[PDB]
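Asks: Quick one: the structure is below, and I'll ask about it shortly.
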Amino acid sequence: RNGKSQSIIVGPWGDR
Amino acid sequence: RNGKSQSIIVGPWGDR
Amino acid sequence: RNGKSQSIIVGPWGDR
Amino acid sequence: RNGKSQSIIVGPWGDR
Amino acid sequence: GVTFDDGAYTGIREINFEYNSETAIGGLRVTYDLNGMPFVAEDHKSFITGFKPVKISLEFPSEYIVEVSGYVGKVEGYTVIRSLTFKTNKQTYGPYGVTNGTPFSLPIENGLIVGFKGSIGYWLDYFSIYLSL
Amino acid sequence: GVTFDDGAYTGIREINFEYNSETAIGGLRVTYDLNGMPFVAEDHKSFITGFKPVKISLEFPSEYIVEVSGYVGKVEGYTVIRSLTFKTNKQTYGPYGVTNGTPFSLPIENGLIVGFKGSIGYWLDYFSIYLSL
Amino acid sequence: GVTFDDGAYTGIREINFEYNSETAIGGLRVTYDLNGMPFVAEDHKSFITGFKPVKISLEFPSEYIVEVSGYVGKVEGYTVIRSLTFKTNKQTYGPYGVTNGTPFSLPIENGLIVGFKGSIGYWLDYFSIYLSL
Amino acid sequence: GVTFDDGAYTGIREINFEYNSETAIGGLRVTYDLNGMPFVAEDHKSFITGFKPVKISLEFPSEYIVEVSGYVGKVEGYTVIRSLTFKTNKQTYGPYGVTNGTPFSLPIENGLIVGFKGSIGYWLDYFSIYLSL
Ligand SMILES: CC(=O)N[C@@H]1[C@@H](O[C@@H]2O[C@H](CO)[C@H](O)[C@H](O)[C@H]2O)[C@@H](O)[C@@H](CO)O[C@@H]1O
Ligand SMILES: CC(=O)N[C@@H]1[C@@H](O[C@@H]2O[C@H](CO)[C@H](O)[C@H](O)[C@H]2O)[C@@H](O)[C@@H](CO)O[C@@H]1O
Ligand SMILES: CC(=O)N[C@@H]1[C@@H](O[C@@H]2O[C@H](CO)[C@H](O)[C@H](O)[C@H]2O)[C@@H](O)[C@@H](CO)O[C@@H]1O
Ligand SMILES: CC(=O)N[C@@H]1[C@@H](O[C@@H]2O[C@H](CO)[C@H](O)[C@H](O)[C@H]2O)[C@@H](O)[C@@H](CO)O[C@@H]1O
């Protein structure tokens with residue numbers, strides 16, 4: 001738990 | 001703007 | 001519904 | 001990091 | 001008091017709580033919305049009796065809480081929530097209880113109150129609120 | 001098919017769905033987590049029978065879905081989800097069904113799958129996913 | 001006063017504001033974090049002078065604001081923020097200004113203050129806060 | 001390739017990227033929206049030349065990305081993004097590049113693409129997307 005705001009990240013695409 | 005909580009929805013998959 | 005990201009805003013404080 | 005969804009919680013009020 | 005934590009839901013349809021014009025806020029039970037259907041959460045009761053019950057039924061989803069305020073003070077030496085008033089985009093419910101002590105207010109510009117947690121013994125000891133878009 | 005929308009919850013504890021190695025994905029029912037307690041959602045059944053049921057019980061909350069993939073194809077002229085595989089931070093469940101058609105994948109770097117919606121007739125017509133922190 | 005709206009960022013690295021122990025809070029400028037890099041927002045100045053500047057540099061990201069409180073009162077007939085104190089998980093900065101009037105507090109159990117908006121004329125008229133995970 | 005991470009912003013105003021109809025996707029630079037103002041992020045260039053640049057200017061905020069799809073394949077033995085098409089609520093831009101390989105698609109029912117990260121060497125190696133309300 002820190003002062004950095006979290007984000008929803010989807011991926012990656014490029015190793016399929 | 002109402003009292004219903006919003007959500008992130010990804011999709012759909014099934015018509016490709 | 002547009003391309004602007006929404007945020008949770010609490011307040012204001014200054015008219016009490 | 002687990003499978004429990006996080007929430008923004010404000011408070012508490014009751015020890016002031 | 002006994003701590004409680006309703007968790008987070010999709011909204012609020014109804015709020016039920018007790019108050020004593022001589023003392024403070026007592027128990028409370030919330031009826032949340034859960035993906036379009038009513039969901040009644042655990043009843044969090046006071047350790048005693050002698051309260052007046054107030055039931056606030058919101059015109060969900062057109063009506064939602066826009067602000068929460070009240071006073072915290074000491075009763076029999078315990079620091080508790082003595083009063084509560086709920087402001088809606090439609091109307092104001094309250095204040096209920098004794099408006100004496102330290103006031104507090106949580107106005108909301110954007111967002112929804114979506115859950116409650118706190119502690120109740122003889123009276124509402126303290127509470128926190130879940131917020132969400 | 002009949003459309004459905006489970007809505008959003010606090011997580012996923014178990015997933016139950018049917019599949020036919022000759023055709024496609026059938027019905028499905030999800031057991032979500034709701035603020036620390038199991039919550040079984042509506043069972044969304046296929047219009048027919050002859051499927052094999054698969055039950056995926058996650059080691060909640062240490063175990064969560066990290067990726068969803070599969071194939072969409074035509075069966076009896078209908079475009080449906082023919083296969084599904086769920087990748088977890090612990091293991092991989094699948095693939096189940098026919099891995100023929102157009103593949104699709106939803107890998108997640110940060111975030112949780114917290115709900116499902118879609119349509120089911122004879123087979124799973126299509127589905128969408130709720131995401132959240 | 002002149003209204004302002006910094007918007008939302010990824011966190012807070014530093015807060016600069018003025019105060020007069022005789023009157024109220026003056027101008028303010030915030031240095032936000034933007035995806036790992038410092039981002040200095042517009043300086044929102046008071047219409048007058050004679051304030052003391054206070055600079056609060058947070059040990060980002062290990063240090064973050066955990067609570068905001070203060071007093072609102074009247075000065076020359078205007079209702080303004082007369083005092084401010086910022087509570088961090090590391091320490092307390094304040095109070096600054098006149099602690100007279102109606103107190104207010106915004107304790108945070110989970111979440112981050114990620115932006116500011118409000119109005120400033122001679123003194124800080126009012127402000128709101130952006131919250132986020 | 002060299003990894004990059006733009007982080008998260010308030011939206012997207014413009015996307016610039018290169019493509020070679022013989023090979024794959026090259027560099028890319030995004031112009032995000034940051035609380036109402038344009039913010040040009042770092043240019044992430046290909047290690048080589050010979051690409052065609054495409055510039056997609058969105059009618060922000062009325063226009064936003066509604067879907068992203070493409071193909072991943074091998075070029076000179078490297079697995080890279082060979083094609084890209086962006087679907088908007090207003091129109092479709094693409095496809096650009098070679099539509100050969102494994103297709104992928106990210107349709108969005110509710111939410112906004114608000115940032116990019118990934119890796120670029122000779123061609124776009126891979127990428128992930130930031131999502132938000
Ligand atoms: C046993 C019990 O719960 N009593 C209730 C009080 O709770 C106590 O409060 C004190 C400090 O005030 C301390 O936190 C104890 O751990 C706790 O048990 C309190 O809730 C009062 C006010 O409502 O009611 C009971 O007395
Ligand atoms: C009556 C019904 O639900 N039939 C199911 C099919 O649904 C139909 O699909 C067509 C186009 O394919 C169209 O959307 C109709 O409105 C809809 O009723 C379909 O779900 C199939 C495949 O599972 O099963 C039934 O036939
Ligand atoms: C012209 C101006 O901005 N004056 C500042 C005051 O702002 C005025 O406040 C009154 C009500 O108090 C009303 O809202 C007017 O529209 C507004 O212009 C006020 O900010 C004071 C206190 O800081 O400073 C100036 O006087
Ligand atoms: C030195 C460099 O960045 N070369 C680029 C390639 O990157 C390499 O890829 C291999 C596996 O394919 C491995 O991950 C190495 O660590 C990495 O350096 C690659 O990005 C290609 C394709 O665009 O371009 C350069 O060759």
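Methodologically, a virtual Cβ is constructed for each residue, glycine included, from the backbone with ideal geometry; neighbour enumeration extends over all protein chains shown. The numbers here are math on the coordinates, done by the rules we state, and not lab data.
Asks: Residues of region E:23-61 being without any contact (Cβ under 8 Å) to a residue 12 or more places away in the chain and more than 19 Å from E:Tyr130 (Cβ to Cβ), which ones?
Replies: Correct list: E:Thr49 only.
Asks: Here is a further query. Restricting attention to region G:82-127, which residues are among the basic types (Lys, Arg), more than 8 Å from chain C (Cβ to nearest Cβ) and within 14 Å of the chain's Cα centre (by Cα)?
Replies: Residues satisfying the conditions are G:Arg82, G:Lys87.
Asks: Another question, then. Looking at region F:101-125, which of its residues are over 27 Å from A:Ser7 (Cα atoms) and among the hydroxyl-bearing types (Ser, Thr, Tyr)?
Replies: Within region F:101-125, F:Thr102, F:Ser119, F:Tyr122 qualify.
Asks: Also: Have a look at E:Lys74, E:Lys87 and point out the one that is touching a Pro at 6+ places or on another chain (Cβ under 9 Å), surrounded by fewer than 22 Cβ atoms within 10 Å (Cβ to Cβ) and without any contact (Cβ under 8 Å) to a residue 60 or more places away in the chain.
Replies: E:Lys87
Asks: If we scan region G:38-46, do we find a residue that is of a type outside the set (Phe, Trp, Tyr) and farther than 26 Å from G:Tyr122 by Cβ?
Replies: Yes: one or more hits.
Asks: Another question, then. So, of the residues in region G:5-42 that are of a type in the set (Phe, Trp, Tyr) and within 13 Å of the chain's Cα centre (by Cα), which turns out to be farthest from ligand 4 (Cβ to nearest atom)?
Replies: G:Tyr19
Asks: Restricting attention to strands (runs of 3 or more DSSP E) lying wholly within region G:31-121, give those where 2 or more residues are within 16 Å of ligand 3 (Cβ to nearest atom), closer than 18 Å to C:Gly14 by Cα and not hydrophobic (A, V, I, L, M, F, W, C).
Replies: Result: G:65-75, G:78-88, G:112-120.
Asks: Just to be sure before I move on: is F:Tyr130 more than 8 Å from chain B (Cβ to nearest Cβ) and either in contact (Cβ under 8 Å) with a residue 40 or more places away in the chain or of a type outside the set (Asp, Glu) (or both) in the structure I sent?
Replies: Considered against the rule, which asks whether it is more than 8 Å from chain B (Cβ to nearest Cβ) and either in contact (Cβ under 8 Å) with a residue 40 or more places away in the chain or of a type outside the set (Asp, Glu) (or both), F:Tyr130 comes out as no.
Asks: May I ask you to verify whether F:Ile15 is β-branched (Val, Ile, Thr) and out of contact with any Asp or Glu (no Cβ under 9 Å at 6 or more places or on another chain)?
Replies: yes
Asks: Do we have E:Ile81 as within 18 Å of B:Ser5 (Cα to Cα) and surrounded by 16 or more Cβ atoms within 10 Å (Cβ to Cβ) here?
Replies: Taking the combined requirement at face value, the residue does not satisfy it.
Asks: So which of F:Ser62, F:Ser57 ends up being surrounded by fewer than 18 Cβ atoms within 10 Å (Cβ to Cβ), within 14 Å of chain D (Cβ to nearest Cβ) and within 13 Å of the chain's Cα centre (by Cα)?
Replies: The conditions single out F:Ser57.
Asks: Next question. Going by the structure shown, is F:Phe17 surrounded by 19 or more Cβ atoms within 10 Å (Cβ to Cβ) and either closer than 19 Å to E:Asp6 by Cβ or out of contact with any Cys (no Cβ under 9 Å at 6 or more places or on another chain) (or both)?
Replies: Yes: the conditions hold for F:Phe17.
Asks: Still on this model: Just need a number here: residues in region E:1-29 that are closer than 15 Å to E:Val80 by Cβ, among the aliphatic types (A, V, I, L, M) and not in a strand (DSSP E or B).
Replies: Number of matching residues: 1.
Asks: Sort through E:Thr3, E:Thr23 and tell me the only one that's within 14 Å of chain F (Cβ to nearest Cβ) and within 16 Å of ligand 1 (Cβ to nearest atom).
Replies: E:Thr3
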